[PDB]
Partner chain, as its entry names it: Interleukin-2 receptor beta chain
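Presented below, as structure tokens, is a lone chain in the form solved without its partner chain.
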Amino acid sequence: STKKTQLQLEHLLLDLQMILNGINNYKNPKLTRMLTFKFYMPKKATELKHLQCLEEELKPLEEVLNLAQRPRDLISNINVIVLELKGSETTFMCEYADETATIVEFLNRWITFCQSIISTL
């Protein structure tokens, strides 16, 4: 049961890392223009329920990946995982920081998130 969550988290981590690795391969008029896109960062992200704050920024993530290229299926998969992991009991009320982030900073935040949860179970 916890292993099921652990494996789901492992796929999530890997999916985010794939996107991040796919970002370094780009040119220079692509990378610079891509980094101007601003993402919302969660004020608090320490437990599984906070993955709502990932779901709520998948649309801009998919948007930015489409303008940089399938991205539809990778983000689709992240959604499926996130929906499973976030729990279906109550909707978590997401709070975001005043300082926005690049796509790199955004990914690095959620990569650090997954690794932190995996460590605690």
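Positions refer to the first chain, counted from 1. Heads up, when I say rigid core I mean the largest set of C-alphas that superpose within 1.5 Å between the two forms. Only residues modelled in both forms are compared.
If you look for the form deposited with its partner chain bound, you will not find it shown, but the lines that follow are about it.
Contact annotation for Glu47: none of its heavy atoms lies within 4.5 Å of its partner chain in the bound PDB entry. Using a 4.5 Å cut-off on any heavy atom, the residues of 1 to 27 that reach its partner chain in the bound PDB entry are, in sequence order, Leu7, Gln8, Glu10, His11, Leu14, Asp15, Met18. When the two forms are superposed on their rigid core between the shown form and the other one, the C-alpha shift of 2 Å or more among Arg33, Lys27, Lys43, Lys59 belongs solely to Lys27. In comparison with the shown form, the Cα-Cα distance of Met18 and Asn28 decreases by at least 3 angstroms in the bound PDB entry. Annotation for the pair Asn28/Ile23: C-alpha atoms approach each other in the bound PDB entry, by 3 Å or more compared with this form. Every Cα shifting by 2 Å or more, across three or more consecutive residues, marks a moved region; comparing between the shown form and the other one on the rigid core, the sole such region is 24 to 29.
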